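Starting off, we have a lone chain in the form deposited in one PDB entry, written out as C-alpha cells.
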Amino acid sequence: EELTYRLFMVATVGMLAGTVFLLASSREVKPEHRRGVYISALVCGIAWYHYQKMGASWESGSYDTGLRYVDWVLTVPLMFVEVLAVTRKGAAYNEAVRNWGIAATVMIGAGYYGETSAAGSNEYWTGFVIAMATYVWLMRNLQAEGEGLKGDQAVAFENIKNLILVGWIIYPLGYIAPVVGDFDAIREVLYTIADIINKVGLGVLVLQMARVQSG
C-alpha cells in the first residue's frame, strides 16, 4: 500500500515537471505549431492535479477509483487533440477533434460503466466490448493519420503513433486482469507509471514534431 502512495507523489512531481517543461519549451517553436504543445502541458497539468487528489484520497483511507476515470475522461480526448493539432489545421482539425474526441469520451465512459459493476458481470463485459471497439477504431484512425507524410515529419509522427499504440495497451489489460485473478494492487502501480510515461512522453514527442515543422 505504501508503494502505491509513493508512486502517486512521484507522478504528481513528474506531471508538474512535464507541464512546466512543455510551457517553457513552447516559446522555442513557431506560433503556428504551439497549439499541440499547449494542449500537452494542459494534459500534464490536469494529471498533476488529479494525482495530488488521488494521493490524498489514498493515505486518508477513502481511495476513489472514480478519480482515475475523471482524469481519463478529460485527458484522453485531449491527448488525441494534441496529436491532431500537429497533424491537421482548419476544418479537418475541428472535425477530427469533434469525432475522435467523442469517440475517446465514449471509450472512457463505457469503461467506467463496466468498472463500477461486479467484475465478470454483464455490465462489465458490455463496458469492455464497447470501449475496446472504440479503442480499436481510434488506433486505426491514428495509423491512417500517418499516410502521406514524408521525411522527418513521417519519422516524428511514427514515434507519437507508436507511443500511443504500445503505451496504451496496459489500460485494457488492467481492466481485464481481475477476471483472470488477483491483480488489483499491481494495476494501480502500473497505471500510474503508465500515465507518467504516456502523458509526459506524448507531450515531448508532440513538442518534437512541432520543432520539425518549425525548421
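Note that residue numbering begins at 1 and tracks the sequence as displayed. What we label the rigid core is the largest C-alpha set whose atoms superpose within 1.5 Å from one form to the other.
Can you tell me which stretch has the higher mean Cα B-factor, 43-51 or 183-191? Comparing 183-191 with 43-51, the higher mean C-alpha B-factor belongs to 183-191.
So, looking at the entry's B-factor column for Cα atoms, which has the higher mean, 91-99 or 122-130? Result: 91-99.
Could you check 172, 178, 36, 167 and tell me which one carries the biggest Cα B-factor in the deposited entry? Answer for 172, 178, 36, 167: 178, with the highest C-alpha B-factor.
Split into thirds by Cα B-factor across the chain's modelled residues, where does residue 69 land: lowest, middle or highest? Its C-alpha B-factor, which the entry lists for residue 69, ranks in the lowest third among residues of this chain.
Split into thirds by Cα B-factor across the chain's modelled residues, where does residue 159 land: lowest, middle or highest? Tercile = lowest for this residue's CA B-factor.
Should residue 24 be placed in the lowest, middle or highest third of its chain by the C-alpha B factor in the entry? Highest third.
The form deposited in another entry is left out here; the points below concern that form.
With both forms fit on the core, is the shift of the CA atom of residue 85 between the shown form and the other one 2 Å or larger? For residue 85, whose C-alpha is compared between the shown form and the other one after core superposition, the shift is 2 Å or more.
Take the rigid core as the frame of reference and indicate whether the C-alpha of residue 147 shifts by 2 Å or more between the shown form and the other one. No, the C-alpha position differs by under 2 Å between the shown form and the other one.
Is it true that residue 169 shifts between the shown form and the other one by 2 Å or more at the Cα, once the core is aligned? The answer is no; the displacement is under 2 Å.
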